[PDB]
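Structure data (compact mmCIF, C-alpha atoms and all ligand atoms) from upload.txt:
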```txt
# COMPACT_ATOMS: atom_id res chain seq x y z
CA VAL O 27 -1.92 -1.26 5.14
CA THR O 28 -5.31 0.04 6.25
CA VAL O 29 -3.51 3.03 7.76
CA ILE O 30 -1.90 3.74 4.38
CA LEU O 31 -5.24 3.66 2.54
CA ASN O 32 -6.92 5.82 5.18
CA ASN O 33 -4.10 8.37 4.95
CA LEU O 34 -4.29 8.41 1.15
CA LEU O 35 -8.06 8.92 1.11
CA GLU O 36 -7.89 11.49 3.92
CA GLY O 37 -8.11 14.98 2.47
CA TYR O 38 -8.60 13.68 -1.09
CA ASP O 39 -10.86 15.34 -3.67
CA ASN O 40 -11.73 12.96 -6.51
CA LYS O 41 -13.56 15.76 -8.36
CA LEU O 42 -10.19 17.28 -9.38
CA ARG O 43 -7.66 15.66 -11.68
CA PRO O 44 -3.98 15.51 -10.70
CA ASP O 45 -1.96 18.55 -11.76
CA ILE O 46 -5.19 20.49 -12.29
CA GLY O 47 -3.43 23.88 -12.35
CA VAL O 48 0.06 22.75 -13.45
CA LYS O 49 0.17 20.62 -16.61
CA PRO O 50 -1.89 18.09 -18.59
CA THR O 51 -2.35 14.68 -17.02
CA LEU O 52 -0.37 12.16 -19.08
CA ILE O 53 -2.08 8.77 -19.41
CA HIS O 54 -0.43 5.70 -20.95
CA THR O 55 -2.95 3.26 -22.43
CA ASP O 56 -2.67 -0.46 -23.17
CA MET O 57 -5.06 -2.88 -24.85
CA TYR O 58 -5.22 -6.66 -24.90
CA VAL O 59 -7.76 -7.91 -27.45
CA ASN O 60 -9.38 -11.16 -26.36
CA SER O 61 -11.62 -11.36 -29.43
CA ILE O 62 -12.85 -9.23 -32.32
CA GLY O 63 -16.41 -10.52 -32.51
CA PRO O 64 -18.49 -10.91 -35.66
CA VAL O 65 -18.70 -7.99 -38.08
CA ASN O 66 -22.31 -6.95 -38.70
CA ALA O 67 -22.24 -5.55 -42.23
CA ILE O 68 -26.00 -4.93 -42.06
CA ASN O 69 -25.54 -2.59 -39.08
CA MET O 70 -21.92 -1.71 -40.00
CA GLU O 71 -20.52 -2.54 -36.58
CA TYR O 72 -18.24 -5.11 -34.97
CA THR O 73 -17.95 -6.49 -31.45
CA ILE O 74 -14.60 -6.44 -29.65
CA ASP O 75 -13.60 -7.66 -26.18
CA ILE O 76 -10.62 -5.94 -24.56
CA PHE O 77 -8.65 -5.56 -21.37
CA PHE O 78 -8.14 -1.79 -21.26
CA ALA O 79 -5.43 -0.45 -18.93
CA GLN O 80 -4.58 3.17 -18.12
CA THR O 81 -1.49 4.32 -16.21
CA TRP O 82 -1.08 7.82 -14.79
CA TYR O 83 0.56 9.70 -11.91
CA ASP O 84 -1.22 11.18 -8.88
CA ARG O 85 1.13 12.78 -6.34
CA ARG O 86 -1.81 13.00 -3.92
CA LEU O 87 -1.60 9.19 -3.62
CA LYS O 88 2.10 9.11 -2.71
CA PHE O 89 2.87 7.04 0.38
CA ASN O 90 6.14 6.14 2.12
CA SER O 91 6.25 2.55 3.37
CA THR O 92 7.95 -0.80 2.89
CA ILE O 93 5.02 -2.21 0.89
CA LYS O 94 5.95 -0.37 -2.35
CA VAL O 95 2.72 -1.43 -4.10
CA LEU O 96 -0.96 -1.60 -3.13
CA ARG O 97 -2.81 -4.17 -5.26
CA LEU O 98 -6.57 -3.73 -5.02
CA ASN O 99 -9.83 -4.89 -6.56
CA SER O 100 -12.55 -2.49 -7.77
CA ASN O 101 -13.48 -1.38 -4.23
CA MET O 102 -11.47 1.87 -4.25
CA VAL O 103 -11.97 2.61 -7.97
CA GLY O 104 -14.78 5.02 -7.13
CA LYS O 105 -12.83 6.61 -4.26
CA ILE O 106 -10.14 8.29 -6.42
CA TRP O 107 -9.99 10.30 -9.62
CA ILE O 108 -10.27 8.15 -12.76
CA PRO O 109 -9.89 9.42 -16.36
CA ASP O 110 -12.99 10.26 -18.40
CA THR O 111 -12.02 7.86 -21.19
CA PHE O 112 -14.82 6.86 -23.55
CA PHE O 113 -14.90 5.20 -26.95
CA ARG O 114 -15.99 7.69 -29.59
CA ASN O 115 -17.34 5.24 -32.20
CA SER O 116 -18.99 2.78 -29.78
CA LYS O 117 -22.68 2.24 -30.50
CA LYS O 118 -22.93 0.10 -27.35
CA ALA O 119 -20.34 -0.76 -24.71
CA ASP O 120 -20.64 -2.81 -21.52
CA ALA O 121 -18.39 -3.53 -18.57
CA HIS O 122 -18.36 -6.91 -16.82
CA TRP O 123 -19.84 -7.44 -13.35
CA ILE O 124 -19.83 -11.26 -12.88
CA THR O 125 -18.86 -12.52 -10.35
CA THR O 126 -17.61 -9.10 -9.20
CA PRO O 127 -16.72 -5.92 -11.12
CA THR V 12 -31.61 -13.82 20.17
CA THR V 13 -29.20 -11.56 22.05
CA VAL V 14 -26.10 -13.73 21.57
CA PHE V 15 -26.82 -14.05 17.84
CA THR V 16 -27.33 -10.31 17.39
CA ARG V 17 -24.18 -9.33 19.30
CA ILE V 18 -22.12 -11.90 17.38
CA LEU V 19 -23.41 -10.53 14.07
CA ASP V 20 -22.96 -6.87 15.03
CA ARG V 21 -19.39 -7.20 16.34
CA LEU V 22 -18.07 -9.51 13.60
CA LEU V 23 -16.94 -6.78 11.18
CA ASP V 24 -15.69 -4.25 13.74
CA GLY V 25 -12.20 -3.29 12.61
CA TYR V 26 -12.52 -5.26 9.36
CA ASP V 27 -11.14 -4.00 6.04
CA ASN V 28 -12.72 -5.70 3.03
CA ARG V 29 -10.27 -3.83 0.76
CA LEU V 30 -7.55 -6.34 1.77
CA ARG V 31 -7.53 -10.06 1.05
CA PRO V 32 -7.17 -12.56 3.91
CA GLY V 33 -3.57 -13.16 4.88
CA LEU V 34 -2.26 -10.10 3.04
CA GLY V 35 1.51 -10.03 3.45
CA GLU V 36 1.44 -13.36 5.34
CA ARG V 37 0.49 -16.16 2.92
CA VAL V 38 -1.36 -16.93 -0.32
CA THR V 39 -5.15 -16.93 -0.31
CA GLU V 40 -6.24 -20.45 -1.29
CA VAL V 41 -9.76 -20.74 -2.75
CA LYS V 42 -11.38 -24.15 -3.22
CA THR V 43 -13.78 -24.05 -6.16
CA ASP V 44 -16.75 -26.26 -7.04
CA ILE V 45 -19.30 -26.18 -9.87
CA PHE V 46 -22.66 -27.93 -10.05
CA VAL V 47 -24.01 -27.55 -13.60
CA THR V 48 -27.77 -27.60 -13.05
CA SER V 49 -28.39 -27.47 -16.80
CA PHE V 50 -25.97 -27.26 -19.72
CA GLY V 51 -27.79 -24.61 -21.70
CA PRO V 52 -28.19 -24.39 -25.46
CA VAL V 53 -25.13 -24.02 -27.67
CA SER V 54 -25.51 -21.18 -30.18
CA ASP V 55 -23.72 -22.06 -33.41
CA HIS V 56 -24.46 -18.65 -34.94
CA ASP V 57 -22.58 -16.93 -32.07
CA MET V 58 -19.91 -19.48 -31.09
CA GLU V 59 -21.62 -19.12 -27.72
CA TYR V 60 -23.06 -21.46 -25.12
CA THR V 61 -25.07 -21.00 -21.93
CA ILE V 62 -24.63 -22.94 -18.70
CA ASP V 63 -26.58 -22.61 -15.44
CA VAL V 64 -24.24 -23.29 -12.53
CA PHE V 65 -24.15 -23.30 -8.76
CA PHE V 66 -20.68 -21.82 -8.23
CA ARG V 67 -19.14 -22.45 -4.79
CA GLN V 68 -15.94 -20.86 -3.47
CA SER V 69 -14.47 -21.66 -0.05
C1 LIG R 1 -32.80 6.41 -15.30
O1 LIG R 1 -33.03 5.37 -14.37
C2 LIG R 1 -32.18 4.21 -14.50
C3 LIG R 1 -32.61 3.25 -13.42
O2 LIG R 1 -32.50 3.88 -12.14
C4 LIG R 1 -30.72 4.61 -14.39
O3 LIG R 1 -29.91 3.46 -14.62
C5 LIG R 1 -28.93 3.20 -13.65
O4 LIG R 1 -27.76 3.99 -13.80
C6 LIG R 1 -26.85 3.87 -12.69
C7 LIG R 1 -25.67 4.76 -13.01
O5 LIG R 1 -26.07 6.12 -13.12
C8 LIG R 1 -26.46 2.42 -12.45
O6 LIG R 1 -25.77 2.40 -11.20
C9 LIG R 1 -24.48 1.91 -10.98
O7 LIG R 1 -24.41 0.46 -11.17
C10 LIG R 1 -23.11 -0.09 -10.73
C11 LIG R 1 -22.98 -1.58 -10.83
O8 LIG R 1 -23.50 -2.15 -11.93
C12 LIG R 1 -24.90 -2.14 -12.03
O9 LIG R 1 -25.05 -2.50 -13.40
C13 LIG R 1 -24.53 -3.79 -13.72
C14 LIG R 1 -24.80 -3.97 -15.19
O10 LIG R 1 -25.90 -3.16 -15.55
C15 LIG R 1 -25.70 -2.50 -16.77
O11 LIG R 1 -25.73 -3.45 -17.83
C16 LIG R 1 -25.60 -2.88 -19.15
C17 LIG R 1 -24.18 -2.39 -19.28
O12 LIG R 1 -23.25 -3.39 -18.87
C18 LIG R 1 -26.67 -1.80 -19.36
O13 LIG R 1 -27.95 -2.42 -19.42
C19 LIG R 1 -26.66 -0.76 -18.25
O14 LIG R 1 -25.50 0.07 -18.30
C20 LIG R 1 -26.75 -1.44 -16.90
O15 LIG R 1 -26.61 -0.50 -15.84
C21 LIG R 1 -25.22 -4.85 -12.86
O16 LIG R 1 -24.65 -6.12 -13.14
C22 LIG R 1 -25.05 -4.50 -11.39
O17 LIG R 1 -25.71 -5.43 -10.54
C23 LIG R 1 -25.32 -5.36 -9.20
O18 LIG R 1 -23.94 -5.50 -8.85
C24 LIG R 1 -23.28 -4.26 -8.53
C25 LIG R 1 -21.86 -4.61 -8.13
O19 LIG R 1 -21.10 -3.42 -7.91
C26 LIG R 1 -24.03 -3.51 -7.43
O20 LIG R 1 -23.41 -2.24 -7.24
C27 LIG R 1 -25.49 -3.32 -7.79
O21 LIG R 1 -26.18 -2.74 -6.68
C28 LIG R 1 -26.13 -4.65 -8.15
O22 LIG R 1 -26.24 -5.47 -7.00
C29 LIG R 1 -27.46 -6.09 -6.76
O23 LIG R 1 -27.89 -6.95 -7.82
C30 LIG R 1 -27.01 -8.05 -8.09
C31 LIG R 1 -27.61 -8.83 -9.23
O24 LIG R 1 -27.80 -8.00 -10.37
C32 LIG R 1 -26.83 -8.89 -6.84
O25 LIG R 1 -25.87 -9.90 -7.12
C33 LIG R 1 -26.34 -8.03 -5.69
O26 LIG R 1 -26.25 -8.80 -4.49
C34 LIG R 1 -27.29 -6.87 -5.48
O27 LIG R 1 -28.56 -7.31 -5.01
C35 LIG R 1 -25.58 -3.12 -11.14
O28 LIG R 1 -26.99 -3.08 -11.37
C36 LIG R 1 -22.99 0.13 -9.30
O29 LIG R 1 -21.75 -0.47 -8.92
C37 LIG R 1 -23.04 1.59 -9.08
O30 LIG R 1 -22.78 1.76 -7.71
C38 LIG R 1 -21.40 1.91 -7.60
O31 LIG R 1 -21.01 3.14 -8.22
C39 LIG R 1 -21.71 4.30 -7.74
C40 LIG R 1 -21.16 5.47 -8.52
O32 LIG R 1 -19.75 5.61 -8.29
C41 LIG R 1 -21.49 4.44 -6.24
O33 LIG R 1 -22.25 5.54 -5.77
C42 LIG R 1 -21.92 3.17 -5.54
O34 LIG R 1 -21.65 3.26 -4.15
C43 LIG R 1 -21.17 2.00 -6.13
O35 LIG R 1 -19.79 2.20 -5.88
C44 LIG R 1 -19.13 1.24 -5.13
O36 LIG R 1 -18.64 0.15 -5.91
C45 LIG R 1 -17.63 0.52 -6.87
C46 LIG R 1 -17.26 -0.73 -7.63
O37 LIG R 1 -18.39 -1.25 -8.32
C47 LIG R 1 -16.45 1.15 -6.15
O38 LIG R 1 -15.49 1.57 -7.12
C48 LIG R 1 -16.91 2.33 -5.33
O39 LIG R 1 -15.81 2.88 -4.62
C49 LIG R 1 -18.00 1.89 -4.38
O40 LIG R 1 -17.53 1.01 -3.37
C50 LIG R 1 -17.07 1.61 -2.20
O41 LIG R 1 -18.13 2.36 -1.61
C51 LIG R 1 -19.32 1.60 -1.34
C52 LIG R 1 -20.32 2.57 -0.76
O42 LIG R 1 -20.45 3.72 -1.60
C53 LIG R 1 -18.99 0.46 -0.40
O43 LIG R 1 -20.15 -0.34 -0.22
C54 LIG R 1 -17.88 -0.39 -0.99
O44 LIG R 1 -17.51 -1.42 -0.09
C55 LIG R 1 -16.68 0.48 -1.29
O45 LIG R 1 -16.11 1.01 -0.10
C56 LIG R 1 -24.36 2.16 -9.51
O46 LIG R 1 -25.45 1.56 -8.82
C57 LIG R 1 -27.69 1.55 -12.28
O47 LIG R 1 -27.33 0.18 -12.17
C58 LIG R 1 -28.64 1.71 -13.46
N1 LIG R 1 -29.86 0.98 -13.21
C59 LIG R 1 -30.43 0.11 -14.05
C60 LIG R 1 -29.80 -0.01 -15.40
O48 LIG R 1 -31.41 -0.55 -13.73
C61 LIG R 1 -30.40 5.70 -15.39
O49 LIG R 1 -29.07 6.17 -15.21
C62 LIG R 1 -31.35 6.88 -15.23
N2 LIG R 1 -31.07 7.83 -16.28
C63 LIG R 1 -30.87 9.13 -16.11
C64 LIG R 1 -30.31 9.86 -17.30
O50 LIG R 1 -31.13 9.71 -15.06
```
Output the file's structure as structure tokens, nothing else.
Ligand SMILES: *[C@@H]1O[C@H](CO)[C@@H](O[C@@H]2O[C@H](CO)[C@@H](O[C@@H]3O[C@H](CO[C@H]4O[C@H](CO[C@H]5O[C@H](CO)[C@@H](O)[C@H](O)[C@@H]5O)[C@@H](O)[C@H](O[C@H]5O[C@H](CO)[C@@H](O)[C@H](O)[C@@H]5O[C@H]5O[C@H](CO)[C@@H](O)[C@H](O)[C@@H]5O)[C@@H]4O)[C@@H](O)[C@H](O[C@H]4O[C@H](CO)[C@@H](O)[C@H](O)[C@@H]4O[C@H]4O[C@H](CO)[C@@H](O)[C@H](O)[C@@H]4O[C@H]4O[C@H](CO)[C@@H](O)[C@H](O)[C@@H]4O)[C@@H]3O)[C@H](O)[C@H]2NC(C)=O)[C@H](O)[C@H]1NC(C)=O
Amino acid sequence: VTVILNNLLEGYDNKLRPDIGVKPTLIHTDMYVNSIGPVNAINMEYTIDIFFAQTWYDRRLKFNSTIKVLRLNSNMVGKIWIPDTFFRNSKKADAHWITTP
Amino acid sequence: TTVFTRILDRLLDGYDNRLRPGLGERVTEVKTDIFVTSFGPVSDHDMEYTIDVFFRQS
């Protein structure tokens, strides 16, 4: 499996999105809301905790093997292109880093 | 000493932390233990509570 990951990362440019010169990158988004926190009417804001998932296609990361799926923690998240998704109306947003990312 | 240094240096040669132990062979079993040093204050205004823990995983 290490060979597969090394081959995928070999000759990979994470600065460029997939289909950079072909078509828009289609991303399918999912949300699971754990809790909509208290609504601060004084500040006009509300806290919300979510599991945010994004699915897209990157033909650069194609691999032919019997594994059929590589399940990985955050370690390679910085090694590939990730969407630039941000929340437009978020006064403050934080990711979680305990125990690990 | 020399034996200690060579053991430490050569331990991770050819090691991939991206993969869990026993990937494709078995299920990784983790034994968990918690020692609550101090059950922190419970915040009614937040539905929140703090707890200081020594968290052990084997
Ligand atoms: C002005 O100046 C300030 C101060 O300098 C500056 O603020 C700083 O901004 C930078 C971003 O620009 C920020 O750096 C990143 O932090 C990432 C981790 O989280 C850190 O923050 C969390 C939470 O802090 C935030 O909390 C609030 C929001 O939630 C809010 O206050 C802020 O946003 C705040 O930042 C914190 O919990 C973390 O604590 C630790 O745990 C991290 C675990 O990943 C670890 O990286 C940290 O070093 C740190 O670990 C030590 O401390 C803990 C205890 O706190 C101990 O338990 C540990 O043992 C350590 O002693 C962090 O503080 C951090 O992950 C970023 O580094 C990752 O990403 C960058 C960018 O991609 C990479 O270059 C890094 O290599 C690294 O990427 C690896 O890991 C990710 C997964 O996390 C993988 O996806 C990557 O592929 C990669 O892993 C692969 O490669 C590496 C080698 O590259 C390899 O080792 C791996 O095995 C693997 O192969 C980055 O450091 C910084 O924290 C922040 N400083 C502050 C706030 O003090 C401003 O930006 C400046 N402003 C301007 C405009 O200039």
Compile a residue-level contact table for chain O against chain V at a cut-off of 8 Å, reporting for every qualifying residue the shortest atom pair and its distance in Å to one decimal, with all atoms listed in the file counted, rows ordered by chain and ascending number, as CSV.
```
residue,atom,partner,partner_atom,distance
O:28,CA,V:27,CA,7.1
O:98,CA,V:29,CA,6.9
O:99,CA,V:29,CA,7.4
O:101,CA,V:29,CA,6.4
O:102,CA,V:29,CA,7.7
```
Report as lines of an AutoDock Vina configuration file the centre and the edge lengths, in Å to one decimal, of the axis-aligned box holding every listed atom of ligand LIG 1 (chain R), padded by 5 Å on each side.
```
center_x = -24.3
center_y = 0.0
center_z = -9.8
size_x = 27.5
size_y = 29.8
size_z = 29.3
```
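Taking atom CA of residue V:43 as the reference point, atom CA of residue V:63 is found at 15.9 Å.
Among the candidates O:59, O:124, O:34, O:29, the one nearest to residue O:78 when counting only C-alpha atoms is O:59.
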Problem - Close residues to ligand LIG 1 (chain R) using all atoms listed in the file, limit 7 Å, as a list in words - result: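 Those residues are residues 100, 101, 102, 103, 104, 105, 119, 120, 121, 122, 123, 126 and 127 of chain O.
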Practice task
Excluding residue O:55 and any residue of its chain fewer than 3 positions from it, enumerate the residues within 9 Å of it, using all atoms listed in the file, and give them as a VMD selection string.
Solution key: chain O and resid 78 to 81
Handout entry: Interatomic distance, atom CA of residue V:41 to atom CA of residue V:68 (Å, one decimal)
Key =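 Between these atoms lies a distance of 6.2 Å.
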Would you kindly place N, CA and C atoms on stretch 26-61 of chain V and return the model as a CSV table (one decimal), in the coordinates of the input?
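Written file, out-v8.csv:
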```
chain,number,residue,atom,x,y,z
V,26,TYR,N,-12.7,-4.4,10.5
V,26,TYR,CA,-12.5,-5.3,9.4
V,26,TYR,C,-12.4,-4.4,8.1
V,27,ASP,N,-11.4,-4.7,7.3
V,27,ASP,CA,-11.1,-4.0,6.0
V,27,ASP,C,-11.3,-5.0,4.9
V,28,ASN,N,-12.5,-4.9,4.2
V,28,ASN,CA,-12.7,-5.7,3.0
V,28,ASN,C,-11.9,-5.3,1.8
V,29,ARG,N,-11.2,-4.2,1.9
V,29,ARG,CA,-10.3,-3.8,0.8
V,29,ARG,C,-9.1,-4.8,0.7
V,30,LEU,N,-8.7,-5.5,1.7
V,30,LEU,CA,-7.6,-6.3,1.8
V,30,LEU,C,-8.0,-7.8,1.8
V,31,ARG,N,-7.2,-8.6,1.1
V,31,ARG,CA,-7.5,-10.1,1.0
V,31,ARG,C,-7.1,-10.7,2.4
V,32,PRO,N,-7.7,-11.9,2.7
V,32,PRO,CA,-7.2,-12.6,3.9
V,32,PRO,C,-5.7,-12.9,3.8
V,33,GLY,N,-5.0,-12.8,4.9
V,33,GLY,CA,-3.6,-13.2,4.9
V,33,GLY,C,-2.7,-12.3,4.0
V,34,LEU,N,-3.0,-11.0,3.9
V,34,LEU,CA,-2.3,-10.1,3.0
V,34,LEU,C,-0.9,-9.9,3.7
V,35,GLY,N,0.2,-10.1,2.9
V,35,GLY,CA,1.5,-10.0,3.4
V,35,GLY,C,1.9,-11.2,4.4
V,36,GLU,N,1.1,-12.2,4.5
V,36,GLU,CA,1.4,-13.4,5.3
V,36,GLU,C,1.5,-14.7,4.5
V,37,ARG,N,0.5,-14.9,3.7
V,37,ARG,CA,0.5,-16.2,2.9
V,37,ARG,C,-0.3,-15.9,1.6
V,38,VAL,N,-0.6,-17.0,0.9
V,38,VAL,CA,-1.4,-16.9,-0.3
V,38,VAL,C,-2.8,-17.4,0.0
V,39,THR,N,-3.8,-16.6,-0.5
V,39,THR,CA,-5.2,-16.9,-0.3
V,39,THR,C,-5.6,-18.1,-1.2
V,40,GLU,N,-5.8,-19.2,-0.6
V,40,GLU,CA,-6.2,-20.4,-1.3
V,40,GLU,C,-7.8,-20.5,-1.3
V,41,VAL,N,-8.3,-20.7,-2.5
V,41,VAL,CA,-9.8,-20.7,-2.8
V,41,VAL,C,-10.1,-22.1,-3.4
V,42,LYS,N,-10.9,-22.9,-2.7
V,42,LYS,CA,-11.4,-24.2,-3.2
V,42,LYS,C,-12.7,-23.9,-4.0
V,43,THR,N,-12.7,-24.3,-5.2
V,43,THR,CA,-13.8,-24.0,-6.2
V,43,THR,C,-14.6,-25.3,-6.5
V,44,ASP,N,-15.9,-25.2,-6.7
V,44,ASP,CA,-16.8,-26.3,-7.0
V,44,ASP,C,-17.8,-25.7,-7.9
V,45,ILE,N,-18.2,-26.5,-8.9
V,45,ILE,CA,-19.3,-26.2,-9.9
V,45,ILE,C,-20.3,-27.3,-9.9
V,46,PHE,N,-21.6,-27.0,-9.8
V,46,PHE,CA,-22.7,-27.9,-10.0
V,46,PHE,C,-23.5,-27.4,-11.2
V,47,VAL,N,-23.3,-28.0,-12.4
V,47,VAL,CA,-24.0,-27.6,-13.6
V,47,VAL,C,-25.4,-28.1,-13.5
V,48,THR,N,-26.4,-27.2,-13.1
V,48,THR,CA,-27.8,-27.6,-13.0
V,48,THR,C,-28.3,-28.0,-14.4
V,49,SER,N,-27.9,-27.2,-15.4
V,49,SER,CA,-28.4,-27.5,-16.8
V,49,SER,C,-27.4,-26.9,-17.8
V,50,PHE,N,-26.8,-27.7,-18.6
V,50,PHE,CA,-26.0,-27.3,-19.7
V,50,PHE,C,-26.8,-26.6,-20.8
V,51,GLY,N,-26.9,-25.3,-20.9
V,51,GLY,CA,-27.8,-24.6,-21.7
V,51,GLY,C,-27.5,-24.8,-23.2
V,52,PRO,N,-28.3,-24.2,-24.0
V,52,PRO,CA,-28.2,-24.4,-25.5
V,52,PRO,C,-26.9,-23.8,-26.0
V,53,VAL,N,-26.4,-24.4,-27.0
V,53,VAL,CA,-25.1,-24.0,-27.7
V,53,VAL,C,-25.5,-23.3,-28.9
V,54,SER,N,-25.1,-22.0,-29.0
V,54,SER,CA,-25.5,-21.2,-30.2
V,54,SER,C,-24.4,-21.3,-31.2
V,55,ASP,N,-24.7,-22.0,-32.3
V,55,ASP,CA,-23.7,-22.1,-33.4
V,55,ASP,C,-23.5,-20.7,-34.1
V,56,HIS,N,-24.6,-19.9,-34.2
V,56,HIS,CA,-24.5,-18.6,-34.9
V,56,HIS,C,-23.6,-17.6,-34.2
V,57,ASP,N,-23.4,-17.9,-32.9
V,57,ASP,CA,-22.6,-16.9,-32.1
V,57,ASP,C,-21.3,-17.5,-31.6
V,58,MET,N,-21.0,-18.8,-31.8
V,58,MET,CA,-19.9,-19.5,-31.1
V,58,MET,C,-20.0,-19.3,-29.6
V,59,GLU,N,-21.2,-19.5,-29.1
V,59,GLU,CA,-21.6,-19.1,-27.7
V,59,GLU,C,-22.4,-20.3,-27.1
V,60,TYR,N,-22.3,-20.5,-25.8
V,60,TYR,CA,-23.1,-21.5,-25.1
V,60,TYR,C,-23.4,-21.0,-23.7
V,61,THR,N,-24.6,-21.4,-23.2
V,61,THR,CA,-25.1,-21.0,-21.9
V,61,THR,C,-24.9,-22.2,-21.0
```
